[PDB]
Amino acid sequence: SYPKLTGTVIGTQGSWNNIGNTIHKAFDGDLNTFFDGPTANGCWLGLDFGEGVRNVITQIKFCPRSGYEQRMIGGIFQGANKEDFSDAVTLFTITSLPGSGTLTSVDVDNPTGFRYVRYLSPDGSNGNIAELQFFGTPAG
């Protein structure tokens, strides 16, 4: 069990109907608060660990938005070393309905060190996710 990783929150700007459920709601420790993106499609969020910082990812945990758990199916998690994710690799693909009101934990088996990680949401989701956490260790 490796430590939870910290970084700068990156991703889609804004929120649905300008209510204020921005990407930051996925990193606040509250499973009741969620990201609700401004558009149905294209929403994403994640971390930049910082210039010169690369982590090997060993585990990801996530919690869906309550009542909208199906909006995570088909979402993927990616690691990259370009902020545009053009070099990205998929670390995990959500294929089953996540349980409500809890963190689902998934193992990652990829030895690559990444500066950037993200959740890339499927069409029709508004990016909906309540909490997102990455675990791992500095790349050797």
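In this text, residue numbers run from 1 along the sequence as written.
**Q.** Of 73-81 and 44-52, the one with larger mean CA B-factor
**A.** According to the entry, 44-52 carries the higher average C-alpha B-factor.
**Q.** Between the two ranges 121-129 and 5-13, the one averaging a larger CA B factor in the entry
**A.** Mean C-alpha B-factor is greater for 5-13.
Q. Taking the entry's C-alpha B-factors for this chain, is residue 97 in the lowest, middle or highest third?
A. Highest third of the chain for residue 97's C-alpha B-factor.
Q | Where the record places residue 108 (Cα B-factor, split into thirds across the chain) | A | Its C-alpha B-factor, which the entry lists for residue 108, ranks in the highest third among residues of this chain.
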